[PDB]
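Only one chain is given next, in structure tokens, and it is the form solved without its partner chain.
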């Protein structure tokens, strides 16, 4: 499957539509398609690449920084998140979390 992922940067008021394989991380696909996004460790261990879901689901089982309450609130570490549906996600959300 290949899922439609919509990246929303609220502070800048931008929207980008990308297509992400079910076996590729969202951040990697975004970059390949010309859309740079924040990151540092690329290993699910910091919050630099955090996003927040608007709709849809991800598999971010490789992540280790976010706690269960943050996951239930919709936060996602985009560097280790595979889409499992079409997704709409707000990017640049780390400031929510520090």
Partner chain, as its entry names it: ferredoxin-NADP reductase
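Positions refer to the first chain, counted from 1.
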property: Entry-level comparison of average CA B-factors, 54-62 and 23-31, reporting the higher stretch; result: 54-62
property: Which of 33-41 and 64-72 has higher mean CA B factor, as the PDB entry lists it; result: 64-72
property: Identity of residue with top Cα B-factor, from 89, 18, 80, 11; result: 11
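One more form of this protein exists, namely the form deposited with its partner chain bound; it is left out here, but the text below deals with it.
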| item | value |
| --- | --- |
| Residue contact check: residue 66 to its partner chain in the entry with it bound, 4.5 Å heavy atom | yes |
| Residue 80, heavy atom within 4.5 angstroms of its partner chain in the entry with it bound | yes |
| Contact flag, residue 25 vs its partner chain in the entry with it bound, heavy atom cut 4.5 Å | yes |
| Distance check, residue 52 to its partner chain in the entry with it bound, heavy atom within 4.5 Å | no |
